[PDB]
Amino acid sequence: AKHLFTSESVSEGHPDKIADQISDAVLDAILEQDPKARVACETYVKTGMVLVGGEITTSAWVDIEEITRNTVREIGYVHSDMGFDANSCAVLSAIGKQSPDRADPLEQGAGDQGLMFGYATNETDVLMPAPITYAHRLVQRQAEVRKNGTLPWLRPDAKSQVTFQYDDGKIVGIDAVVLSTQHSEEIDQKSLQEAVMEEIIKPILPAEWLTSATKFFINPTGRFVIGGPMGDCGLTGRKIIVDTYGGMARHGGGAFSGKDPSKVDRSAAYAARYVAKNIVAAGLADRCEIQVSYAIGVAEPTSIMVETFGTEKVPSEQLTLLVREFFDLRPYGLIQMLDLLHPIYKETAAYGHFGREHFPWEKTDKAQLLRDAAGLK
């Protein structure tokens, strides 16, 4: 029975995502000199300005001014007529720095409470939901084509929003595609509409899914000329859903950018993606969602629950059992089970933290061992 579901994405250079990227760019830069640095760096971008403010506990010395402008230039906001320019804009900092000064490290208790949810579903090749997958690929392509000379009238900022019609649990096809891209004065809308059809939408949306019925809305308002942080206002942690699973799965509140991995808000969440993906790469279920939660100063999580929503090939009991044998979910264990203390984090900050395979939380190494330990098939 049919039903339909939607998910959005934005590009690098939508103002919130500018903030996520600059945040994670500081965290990377600090982690490069000091992997054990504890960092929380939040950022606010508005037409003139980038305020990067945080607390950081490190020996590292880094230049927040140049880190900022280099991230703004890579996105490509480089001239006033764009909205915002990486070379003349103001960058202010309010980052306060501290220098660091149980018997088994893994048993160190969790620094801040909370809840994290992870998901995987066999709906795609990457085990992510198809919506959020396609939304990302659309915005991603957009930047590819901007960035690679094909369609050099494109400017950085853009949103995509795919809406899928299922019938139960099978993707049936694509009811609507929204895609709105910022562009120059060169081009008018009919002309933009052929290009975004040819070069962005057509090569990404799978064809059997596209129909005579697919409502497509390329630049519905027309004329998007400006432009990122001019007249809008971006801050880290705002694209929480796009960062995860486009709202196919749940979420406890937490943002990721600018959090170094001691922060469970990030790690528990990466790890939950990792547990659920391995669970389904092993055929124990088809869709799995895990909630983990932690309490301040306790190190074993206060809760684990699994929802395989009717898709099991072993009982939930056996499954919750397996979750605990194969995965060290103590805060410091996460960091080890996934080897986090590395500058891997900027590339996360646009296009989605999950479904992208080459990050340590997307690897399915535990798949087999996991099949075995209750009910090898």
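Between two forms, the rigid core is the largest collection of C-alphas that superpose within 1.5 Å. Residue indices: 1-based, along the sequence shown.
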Inset, instruction - Compare 284-292 with 105-113 and report which one shows the larger root mean square C-alpha deviation from this form in 6 other deposited structures of this protein once the rigid core is superposed. - result: 105-113
Legend entry - Farther-lying stretch by C-alpha RMS in 6 other deposited structures of this protein, rigid core as reference, of 217-225 and 258-266: 217-225
Inset, instruction - Using what the record says, work out whether there is a hole in the model between residue 101 and residue 102 and how many deposited residues it spans (none, 1 to 3, 4 to 9, 10 or more). - result: 4 to 9
Legend entry - Mean C-alpha B-factor comparison - 155-163 and 223-231, higher one: 223-231
Legend entry - Between the two ranges 237-245 and 130-138, the one averaging a larger CA B factor in the entry: 130-138
Inset, instruction - Can you pull the Cα B-factors for 273, 170, 263, 250 from the entry and say which is highest? - result: 170
Legend entry - Selection from 209, 84, 294, 119 [criterion: highest C-alpha temperature factor in the record]: 209
Legend entry - B-factor third for the C-alpha atom of residue 351 within its chain: lowest
Legend entry - residue 146 - which third its CA temperature factor falls in, relative to the rest of the chain: middle
Legend entry - Chain third (lowest, middle, highest) by recorded CA B-factor, residue given as residue 91: lowest
Legend entry - residue 105 CA temperature factor, ranked by third within the chain: middle
Legend entry - residue 321, C-alpha B-factor rank within chain (lowest, middle or highest third): highest
